[PDB]
file model-v8.txt (compact mmCIF, C-alpha atoms)
# COMPACT_ATOMS: atom_id res chain seq x y z
CA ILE A 1 -10.14 -10.52 -18.21
CA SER A 2 -12.45 -9.59 -21.08
CA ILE A 3 -14.51 -6.43 -21.43
CA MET A 4 -14.73 -6.48 -25.25
CA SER A 5 -17.43 -4.58 -27.18
CA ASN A 6 -18.29 -2.46 -24.15
CA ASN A 7 -18.89 1.29 -24.23
CA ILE A 8 -16.20 1.89 -21.58
CA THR A 9 -15.18 5.55 -21.49
CA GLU A 10 -12.71 5.77 -18.59
CA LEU A 11 -10.26 3.28 -17.06
CA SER A 12 -8.82 5.20 -14.12
CA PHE A 13 -8.07 2.68 -11.35
CA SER A 14 -5.01 0.46 -10.90
CA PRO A 15 -6.03 -3.20 -10.49
CA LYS A 16 -4.40 -5.84 -8.32
CA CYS A 17 -4.14 -8.31 -11.22
CA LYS A 18 -1.11 -10.35 -10.15
CA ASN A 19 -2.39 -13.63 -11.64
CA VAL A 20 -3.90 -12.18 -14.83
CA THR A 21 -2.35 -13.69 -17.96
CA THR A 22 -4.77 -12.38 -20.61
CA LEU A 23 -6.51 -9.02 -21.10
CA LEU A 24 -8.89 -8.08 -23.94
CA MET A 25 -10.39 -4.66 -24.69
CA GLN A 26 -11.45 -4.86 -28.36
CA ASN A 27 -14.24 -2.63 -29.67
CA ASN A 28 -14.23 -0.04 -26.90
CA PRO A 29 -14.92 2.98 -29.12
CA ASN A 30 -14.95 5.58 -26.33
CA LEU A 31 -12.17 4.35 -24.02
CA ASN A 32 -9.42 6.94 -24.50
CA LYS A 33 -8.14 7.76 -20.98
CA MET A 34 -6.18 5.15 -19.04
CA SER A 35 -4.55 5.47 -15.64
CA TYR A 36 -0.79 5.85 -15.78
CA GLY A 37 0.79 2.89 -14.05
CA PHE A 38 -2.15 0.67 -14.99
CA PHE A 39 0.15 -2.25 -15.87
CA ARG A 40 2.21 -2.17 -12.65
CA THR A 41 0.69 -5.40 -11.30
CA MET A 42 0.40 -7.10 -14.73
CA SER A 43 3.83 -8.78 -14.70
CA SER A 44 2.34 -12.11 -15.84
CA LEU A 45 0.08 -10.55 -18.52
CA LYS A 46 0.75 -12.39 -21.79
CA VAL A 47 -1.97 -11.15 -24.18
CA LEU A 48 -2.95 -7.48 -24.37
CA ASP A 49 -5.48 -6.15 -26.89
CA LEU A 50 -6.27 -2.44 -27.04
CA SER A 51 -7.84 -2.90 -30.46
CA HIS A 52 -10.51 -0.71 -32.09
CA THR A 53 -10.22 1.61 -29.10
CA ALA A 54 -9.84 5.38 -28.84
CA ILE A 55 -6.64 5.69 -26.79
CA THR A 56 -4.04 8.08 -28.18
CA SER A 57 -1.34 7.21 -25.63
CA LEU A 58 -0.39 4.08 -23.71
CA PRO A 59 0.81 3.91 -20.08
CA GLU A 60 4.43 2.87 -19.65
CA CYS A 61 4.79 -0.88 -19.30
CA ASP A 62 8.27 -1.76 -18.04
CA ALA A 63 6.57 -4.14 -15.58
CA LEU A 64 5.21 -6.28 -18.43
CA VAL A 65 8.10 -8.75 -18.21
CA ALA A 66 6.26 -11.72 -19.74
CA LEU A 67 4.09 -10.04 -22.39
CA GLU A 68 4.27 -11.82 -25.75
CA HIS A 69 1.29 -10.44 -27.71
CA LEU A 70 0.29 -6.78 -28.05
CA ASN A 71 -2.30 -5.54 -30.55
CA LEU A 72 -3.22 -1.87 -31.01
CA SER A 73 -4.88 -1.97 -34.44
CA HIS A 74 -7.47 0.63 -35.47
CA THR A 75 -6.51 2.96 -32.59
CA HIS A 76 -5.38 6.57 -32.44
CA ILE A 77 -2.05 5.84 -30.74
CA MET A 78 0.32 8.45 -32.17
CA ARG A 79 3.61 7.48 -30.49
CA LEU A 80 4.58 4.21 -28.86
CA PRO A 81 6.40 4.57 -25.52
CA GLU A 82 10.10 3.73 -25.34
CA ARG A 83 9.56 1.19 -22.55
CA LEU A 84 8.34 -1.29 -25.17
CA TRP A 85 11.85 -1.68 -26.62
CA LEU A 86 13.05 -3.27 -23.35
CA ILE B 1 19.95 13.66 -1.71
CA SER B 2 21.02 17.13 -2.82
CA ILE B 3 21.89 18.12 -6.38
CA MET B 4 20.84 21.77 -6.08
CA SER B 5 22.30 24.59 -8.20
CA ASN B 6 23.31 22.10 -10.89
CA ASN B 7 22.66 22.46 -14.62
CA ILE B 8 20.77 19.14 -14.75
CA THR B 9 18.75 18.86 -17.96
CA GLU B 10 17.25 15.35 -17.84
CA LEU B 11 16.25 13.09 -14.94
CA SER B 12 15.02 9.88 -16.55
CA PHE B 13 16.14 6.91 -14.45
CA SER B 14 14.05 5.52 -11.60
CA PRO B 15 16.31 5.24 -8.54
CA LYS B 16 16.33 2.63 -5.78
CA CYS B 17 15.91 5.25 -3.03
CA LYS B 18 14.25 3.17 -0.31
CA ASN B 19 15.85 4.90 2.69
CA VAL B 20 15.87 8.45 1.29
CA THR B 21 14.13 11.08 3.42
CA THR B 22 15.10 14.26 1.51
CA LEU B 23 15.33 15.34 -2.14
CA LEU B 24 16.64 18.79 -3.04
CA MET B 25 16.72 20.10 -6.63
CA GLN B 26 16.52 23.88 -6.18
CA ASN B 27 18.03 26.12 -8.86
CA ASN B 28 18.10 23.54 -11.65
CA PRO B 29 17.21 25.93 -14.50
CA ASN B 30 17.17 23.36 -17.33
CA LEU B 31 15.72 20.25 -15.65
CA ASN B 32 12.28 19.94 -17.26
CA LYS B 33 11.79 16.24 -18.12
CA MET B 34 11.18 13.71 -15.34
CA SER B 35 10.11 10.14 -15.98
CA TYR B 36 6.86 8.88 -14.50
CA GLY B 37 7.36 6.44 -11.66
CA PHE B 38 10.42 8.36 -10.47
CA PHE B 39 8.97 8.55 -6.94
CA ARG B 40 8.01 4.86 -6.85
CA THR B 41 10.69 3.90 -4.32
CA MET B 42 10.28 7.08 -2.24
CA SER B 43 8.13 5.42 0.44
CA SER B 44 9.76 7.64 3.07
CA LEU B 45 10.68 10.88 1.25
CA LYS B 46 9.73 13.63 3.70
CA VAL B 47 11.17 16.78 2.06
CA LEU B 48 10.96 17.36 -1.70
CA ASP B 49 12.12 20.61 -3.29
CA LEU B 50 11.66 21.41 -6.98
CA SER B 51 12.16 25.18 -6.94
CA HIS B 52 13.52 27.52 -9.61
CA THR B 53 13.34 24.56 -11.99
CA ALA B 54 11.87 24.27 -15.47
CA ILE B 55 9.45 21.34 -15.04
CA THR B 56 5.90 21.81 -16.30
CA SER B 57 4.55 18.48 -14.99
CA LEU B 58 5.12 16.20 -12.03
CA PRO B 59 5.40 12.38 -12.00
CA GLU B 60 2.83 10.22 -10.22
CA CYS B 61 3.16 10.37 -6.44
CA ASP B 62 0.94 7.61 -5.01
CA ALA B 63 3.99 6.13 -3.27
CA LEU B 64 4.71 9.37 -1.36
CA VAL B 65 2.92 8.08 1.73
CA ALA B 66 4.99 10.11 4.22
CA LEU B 67 5.80 13.33 2.35
CA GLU B 68 5.22 16.40 4.53
CA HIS B 69 6.92 19.21 2.59
CA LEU B 70 6.69 19.91 -1.15
CA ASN B 71 7.98 23.17 -2.63
CA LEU B 72 7.43 24.02 -6.31
CA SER B 73 8.00 27.79 -6.29
CA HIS B 74 9.32 29.59 -9.39
CA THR B 75 8.55 26.60 -11.63
CA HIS B 76 6.46 26.29 -14.80
CA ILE B 77 4.12 23.59 -13.44
CA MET B 78 0.79 24.42 -15.09
CA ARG B 79 -1.46 21.91 -13.32
CA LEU B 80 -0.92 19.88 -10.19
CA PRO B 81 -1.56 16.11 -10.36
CA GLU B 82 -4.67 14.69 -8.70
CA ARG B 83 -2.65 12.07 -6.81
CA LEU B 84 -1.47 14.87 -4.50
CA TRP B 85 -4.88 15.20 -2.82
CA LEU B 86 -4.60 11.69 -1.33
call {"tool": "encode", "arguments": {"input": "model-v8.txt", "output": "structure tokens"}}
result
Amino acid sequence: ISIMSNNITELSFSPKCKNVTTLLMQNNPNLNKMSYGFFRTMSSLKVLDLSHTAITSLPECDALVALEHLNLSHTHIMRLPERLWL
Amino acid sequence: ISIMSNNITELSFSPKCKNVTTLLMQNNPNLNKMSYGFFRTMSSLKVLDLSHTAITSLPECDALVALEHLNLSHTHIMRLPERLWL
């Protein structure tokens, strides 16, 4: 999945992405609201890029069992959820 | 499940309550933090009581497909989540 450089403002649904292994969202300057429980079906997600985006908080991601890359550079994230440590 | 009139302060874990049909937490004066996804396994919770408790927010409830009673009296909930309307 790749929606880079889009003007996305709201990401409110919860996708059925069981097979997704790569997700990019670089250069979304207005995307700041994300649905809690967005990553429930993303167990196989390996690359996640919320870079250059306007989110201040990230949905909990205990279901991201296989994630290996996670970039949040140039974003307004103020605290990183405790689920990441597991 | 009934833990009413207790001095519970934190409810963070997500239980495995598949068969549960009742949750009672009346008169918990200090319980104010509840982790999101707490009601994930409550696919059959029919009665849910958070009364005389100190919560100001409620976890996501998309999995409450069969809930028929929900009491939140005497609690500091300031806004009610949009997932309730479905």
call {"tool": "residues_around", "arguments": {"input": "model-v8.txt", "residues": "residue 21 in chain A", "least_positions_apart": "6", "cutoff": "12 Å", "atoms": "only C-alpha atoms", "output": "list in words"}}
result
residues 1, 2, 39, 41, 42, 43, 44, 45, 46, 47, 48, 64, 65, 66, 67, 68 and 69 of chain A
call {"tool": "closest_residue", "arguments": {"input": "model-v8.txt", "among": "A:40, A:17, A:7, A:78", "to": "chain B", "atoms": "all atoms listed in the file"}}
result
A:40
call {"tool": "closest_residue", "arguments": {"input": "model-v8.txt", "among": "B:61, B:3, B:54, B:23", "to": "chain A", "atoms": "only C-alpha atoms"}}
result
B:61
call {"tool": "closest_residue", "arguments": {"input": "model-v8.txt", "among": "A:71, A:22, A:35, A:9", "to": "chain B", "atoms": "only C-alpha atoms"}}
result
A:35
call {"tool": "atom_distance", "arguments": {"input": "model-v8.txt", "atom1": "CA of residue 34 in chain B", "atom2": "CA of residue 60 in chain B"}}
result
10.4 Å
call {"tool": "interface_residues", "arguments": {"input": "model-v8.txt", "of": "chain A", "to": "chain B", "cutoff": "10 Å", "atoms": "all atoms listed in the file", "output": "MDAnalysis selection string"}}
result
chainID A and resid 36:37 59:60
call {"tool": "axis_aligned_box", "arguments": {"input": "model-v8.txt", "around": "range 37-45 of chain A", "padding_each_side": "5 Å", "output": "AutoDock Vina command-line options"}}
result
--center_x 0.8 --center_y -4.6 --center_z -14.9 --size_x 16.0 --size_y 25.0 --size_z 17.2
call {"tool": "closest_residue", "arguments": {"input": "model-v8.txt", "among": "B:4, B:58, B:20, B:31", "to": "residue 82 in chain B", "atoms": "only C-alpha atoms"}}
result
B:58
call {"tool": "closest_atom_pairs", "arguments": {"input": "model-v8.txt", "of": "range 27-61 of chain B", "to": "range 72-75 of chain B", "cutoff": "7 Å", "atoms": "only C-alpha atoms", "output": "Markdown table"}}
result
| residue | atom | partner | partner_atom | distance |
| --- | --- | --- | --- | --- |
| B:49 | CA | B:72 | CA | 6.5 |
| B:50 | CA | B:72 | CA | 5.0 |
| B:51 | CA | B:72 | CA | 4.9 |
| B:52 | CA | B:74 | CA | 4.7 |
| B:53 | CA | B:75 | CA | 5.2 |
| B:54 | CA | B:75 | CA | 5.6 |
| B:55 | CA | B:75 | CA | 6.3 |
call {"tool": "write_last_selection", "arguments": {"input": "model-v8.txt", "atoms": "C-alpha atoms", "output": "PDB file, in the coordinates of the input"}}
result
ATOM      1  CA  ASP B  49      12.120  20.610  -3.290  1.00  0.00           C
ATOM      2  CA  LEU B  50      11.660  21.410  -6.980  1.00  0.00           C
ATOM      3  CA  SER B  51      12.160  25.180  -6.940  1.00  0.00           C
ATOM      4  CA  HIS B  52      13.520  27.520  -9.610  1.00  0.00           C
ATOM      5  CA  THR B  53      13.340  24.560 -11.990  1.00  0.00           C
ATOM      6  CA  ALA B  54      11.870  24.270 -15.470  1.00  0.00           C
ATOM      7  CA  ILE B  55       9.450  21.340 -15.040  1.00  0.00           C
TER       8      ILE B  55
END
call {"tool": "atom_distance", "arguments": {"input": "model-v8.txt", "atom1": "CA of residue 32 in chain A", "atom2": "CA of residue 76 in chain A"}}
result
8.9 Å
call {"tool": "atom_distance", "arguments": {"input": "model-v8.txt", "atom1": "CA of residue 56 in chain B", "atom2": "CA of residue 19 in chain B"}}
result
27.3 Å
call {"tool": "closest_residue", "arguments": {"input": "model-v8.txt", "among": "A:10, A:57, A:62, A:77", "to": "residue 30 in chain A", "atoms": "all atoms listed in the file"}}
result
A:10
call {"tool": "closest_residue", "arguments": {"input": "model-v8.txt", "among": "B:5, B:38, B:79, B:63", "to": "residue 25 in chain B", "atoms": "all atoms listed in the file"}}
result
B:5
call {"tool": "build_atoms", "arguments": {"input": "model-v8.txt", "residues": "range 11-31 of chain B", "atoms": "N, CA, C and O atoms", "output": "compact mmCIF listing (two decimals), keeping the file's coordinate frame"}}
result
# COMPACT_ATOMS: atom_id res chain seq x y z
N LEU B 11 16.29 14.01 -16.08
CA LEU B 11 16.25 13.09 -14.94
C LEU B 11 15.29 11.96 -15.32
O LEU B 11 14.08 12.03 -15.09
N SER B 12 15.84 10.91 -15.93
CA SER B 12 15.02 9.88 -16.55
C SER B 12 15.00 8.57 -15.77
O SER B 12 13.97 7.88 -15.77
N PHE B 13 16.10 8.20 -15.12
CA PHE B 13 16.14 6.91 -14.45
C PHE B 13 15.23 6.91 -13.22
O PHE B 13 14.89 7.95 -12.66
N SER B 14 14.82 5.70 -12.82
CA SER B 14 14.05 5.52 -11.60
C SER B 14 14.96 4.95 -10.53
O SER B 14 15.37 3.78 -10.64
N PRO B 15 15.31 5.71 -9.49
CA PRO B 15 16.31 5.24 -8.54
C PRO B 15 15.75 4.20 -7.58
O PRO B 15 14.55 3.94 -7.53
N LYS B 16 16.66 3.62 -6.80
CA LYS B 16 16.33 2.63 -5.78
C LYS B 16 16.26 3.24 -4.39
O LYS B 16 16.61 2.57 -3.41
N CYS B 17 15.82 4.49 -4.28
CA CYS B 17 15.91 5.25 -3.03
C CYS B 17 14.89 4.79 -2.00
O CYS B 17 13.88 5.46 -1.77
N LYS B 18 15.15 3.65 -1.36
CA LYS B 18 14.25 3.17 -0.31
C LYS B 18 14.38 3.98 0.97
O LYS B 18 13.37 4.35 1.57
N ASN B 19 15.61 4.27 1.40
CA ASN B 19 15.85 4.90 2.69
C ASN B 19 15.85 6.42 2.63
O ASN B 19 15.96 7.07 3.68
N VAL B 20 15.73 7.01 1.44
CA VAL B 20 15.87 8.45 1.29
C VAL B 20 14.74 9.18 2.01
O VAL B 20 13.56 8.81 1.89
N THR B 21 15.10 10.22 2.76
CA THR B 21 14.13 11.08 3.42
C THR B 21 14.19 12.54 2.98
O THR B 21 13.49 13.36 3.58
N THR B 22 14.99 12.88 1.98
CA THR B 22 15.10 14.26 1.51
C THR B 22 15.59 14.29 0.07
O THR B 22 16.57 13.63 -0.26
N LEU B 23 14.90 15.06 -0.77
CA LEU B 23 15.33 15.34 -2.14
C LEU B 23 15.35 16.84 -2.34
O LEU B 23 14.33 17.51 -2.14
N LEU B 24 16.49 17.37 -2.76
CA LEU B 24 16.64 18.79 -3.04
C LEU B 24 17.11 18.97 -4.48
O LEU B 24 18.13 18.40 -4.88
N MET B 25 16.36 19.76 -5.25
CA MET B 25 16.72 20.10 -6.63
C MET B 25 16.49 21.57 -6.93
O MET B 25 16.11 21.92 -8.06
N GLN B 26 16.69 22.45 -5.95
CA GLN B 26 16.52 23.88 -6.18
C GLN B 26 17.53 24.38 -7.21
O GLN B 26 18.63 23.83 -7.34
N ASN B 27 17.15 25.42 -7.94
CA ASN B 27 18.03 26.12 -8.86
C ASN B 27 18.59 25.20 -9.95
O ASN B 27 19.75 25.31 -10.33
N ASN B 28 17.76 24.29 -10.45
CA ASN B 28 18.10 23.54 -11.65
C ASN B 28 17.36 24.17 -12.83
O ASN B 28 16.23 23.77 -13.13
N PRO B 29 17.97 25.13 -13.53
CA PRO B 29 17.21 25.93 -14.50
C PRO B 29 16.79 25.17 -15.75
O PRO B 29 15.84 25.60 -16.42
N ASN B 30 17.45 24.06 -16.08
CA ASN B 30 17.17 23.36 -17.33
C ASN B 30 16.47 22.02 -17.13
O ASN B 30 16.04 21.42 -18.12
N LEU B 31 16.35 21.54 -15.90
CA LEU B 31 15.72 20.25 -15.65
C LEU B 31 14.21 20.39 -15.84
O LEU B 31 13.53 21.03 -15.03
